[PDB]
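Data block below; observations after.
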Amino acid sequence: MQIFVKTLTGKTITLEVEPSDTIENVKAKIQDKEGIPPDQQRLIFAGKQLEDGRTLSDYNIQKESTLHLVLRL
Amino acid sequence: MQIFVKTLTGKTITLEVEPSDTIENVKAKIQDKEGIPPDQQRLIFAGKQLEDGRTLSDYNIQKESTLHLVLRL
Amino acid sequence: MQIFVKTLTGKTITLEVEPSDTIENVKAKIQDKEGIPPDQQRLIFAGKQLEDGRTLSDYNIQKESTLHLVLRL
């Protein structure tokens, strides 16, 4: 399925994902696309920080859901 | 992250927010906590009125930053 | 909001301020505009000397209110 990832500068990218994908996997895909190390990535959905070991399904992240990406050092 | 919101009577409250949160969202949270309609809320930071559609990141509002809340009719 | 500041020679200037601004901040703005050190500035409103640590709201100083500026050595 597709999900949207929106940055703090208002740019949205799309990712092909499955509900069984972990947040770790998602950050890995974002690295594949944008070259950002997963350690610098923060993903938030419905005001929550998303934990690396949990899946998208765990957070009820569905088709065409929007995650917010916040970079941190 | 946490931000402080200081009122005209010298009371400070705290809000859990993310850089991707809009000013609208922040006023919504203040309504959640205090029952003030967002339309009666004014938020200022560094002498600027904050616009509802912009985000905290847009205004460089970071961790433990202090917003000033001014109520208006 | 805007406030007026009237001098002893009958000159009025305008300042962009917020109710949460302290008298200290106001004197700082007057320094920004006119080069007068805050220590040489006295602000009065409704016959009262205004204290540096208090805010405009504390003194019920509102939109288009007029403060009187008295310089002292």
Side-chain angles (χ1 to χ4, degrees), chain A, chain B residues 1-7 11-70:
Chain A
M1 69 182 186
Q2 297 279 327
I3 63 171
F4 308 107
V5 174
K6 182 175 184 176
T7 80
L8 284 181
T9 66
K11 185 182 182 186
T12 301
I13 63 174
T14 60
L15 293 177
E16 182 68 28
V17 293
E18 294 292 342
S20 38
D21 288 339
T22 64
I23 300 304
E24 173 180 342
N25 292 342
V26 178
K27 296 183 182 182
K29 299 192 169 197
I30 292 175
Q31 186 183 33
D32 289 341
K33 203 160 202 169
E34 310 290 338
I36 318 293
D39 282 350
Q40 290 184 332
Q41 300 180 39
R42 146 146 338 114
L43 291 173
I44 101 121
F45 179 72
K48 292 172 51 182
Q49 239 222 101
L50 307 181
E51 300 297 306
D52 286 14
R54 297 195 205 175
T55 59
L56 296 182
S57 174
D58 283 345
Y59 287 114
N60 198 23
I61 291 161
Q62 330 244 291
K63 64 189 314 99
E64 283 66 76
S65 290
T66 301
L67 309 188
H68 293 267
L69 174 61
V70 184
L71 307 188
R72 204 156 139 174
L73 289 188
Chain B
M1 69 182 186
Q2 297 279 327
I3 63 171
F4 308 107
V5 174
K6 182 175 184 176
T7 80
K11 185 182 182 186
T12 301
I13 63 174
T14 60
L15 293 177
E16 182 68 28
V17 293
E18 294 292 342
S20 38
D21 288 339
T22 64
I23 300 304
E24 173 180 342
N25 292 342
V26 178
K27 296 183 182 182
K29 299 192 169 197
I30 292 175
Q31 186 183 33
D32 289 341
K33 203 160 202 169
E34 310 290 338
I36 318 293
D39 282 350
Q40 290 184 332
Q41 300 180 39
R42 146 146 338 114
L43 291 173
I44 101 121
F45 179 72
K48 292 172 51 182
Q49 239 222 101
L50 307 181
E51 300 297 306
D52 286 14
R54 297 195 205 175
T55 59
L56 296 182
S57 174
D58 283 345
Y59 287 114
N60 198 23
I61 291 161
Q62 330 244 291
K63 64 189 314 99
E64 283 66 76
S65 290
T66 301
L67 309 188
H68 293 267
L69 174 61
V70 184

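Protein chains get the first letters and strands the later ones, always in sequence-line order, with residue 1 at the start of each. Heavy atoms only: backbone and side chains are in, while hydrogens, waters and symmetry mates are out.
Side chains of A/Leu50 and A/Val26 form no contact here, defined as non-hydrogen atoms less than 4.5 Å apart.
A pairwise comparison of heavy atoms in B/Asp52 and B/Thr22 identifies O-CB, 3.6 Å as the closest pair. Among all heavy-atom pairs drawn from B/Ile23 and B/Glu51, the shortest one is CG1-O, 3.1 Å. Across B/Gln31 and B/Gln41, no two heavy atoms sit closer than the pair N-NE2, 3.8 Å. Scanning all heavy atoms of the two residues, the minimum distance from B/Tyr59 to B/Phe45 falls at O-CE2, 3.6 Å.
The CE atom of B/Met1 sits 10.0 Å away from the CZ atom of A/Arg42 when rounded to the nearest 0.5 Å. Atoms CG and NZ, from B/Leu15 and B/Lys29 in turn, are 7.0 Å apart once rounded to the nearest 0.5 Å. Rounding to the nearest 0.5 Å places CD of B/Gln40 at 12.5 Å from CD1 of B/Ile30. Atom CD1 of residue B/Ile3 and atom CD of residue B/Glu18 lie 11.0 Å apart, to the nearest 0.5 angstrom. With rounding to the nearest 0.5 Å, the separation of NZ in A/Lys27 from CD1 in A/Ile36 is 12.5 Å.
Take B/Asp58 and apply the salt bridge (charged side-chain N to carboxylate O under 4.0 Å, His left out) test, not counting sequence neighbours, and it matches no residue.
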Can I get a per-line list of side-chain donor-acceptor pairs under 3.5 Å for residues 6-13 of chain A, giving both atom names and the distance, sequence neighbours left out?
from, atom 1, to, atom 2, distance (Å)
A/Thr7, OG1, A/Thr9, N, 3.3
A/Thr7, OG1, A/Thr9, OG1, 3.1
A/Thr7, OG1, A/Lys11, N, 3.4

Contacts under 3.5 angstrom, residues 62-73 of chain A side chains, donor-acceptor by atom type, not counting sequence neighbours:
from, atom 1, to, atom 2, distance (Å)
A/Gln62, NE2, A/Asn60, OD1, 2.5
A/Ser65, OG, A/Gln62, N, 3.0
A/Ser65, OG, A/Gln62, O, 3.0

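Under a 3.5 Å cut-off, the side chain of A/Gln2 and the backbone N or O of A/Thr14 do not form any donor-acceptor pair.
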Requested in this report: Apply side-chain contact (heavy atoms from CB on, under 4.5 Å) to B/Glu16 and B/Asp21, showing your working.
Outcome: CA-CA 10 Å; B/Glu16 182 68 28; B/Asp21 288 339; over 6 Å; no
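Each of A/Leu56, A/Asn25, A/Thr55 was checked for a side-chain contact (heavy atoms from CB on, under 4.5 Å) with A/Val17, and the lone residue meeting it is A/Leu56.
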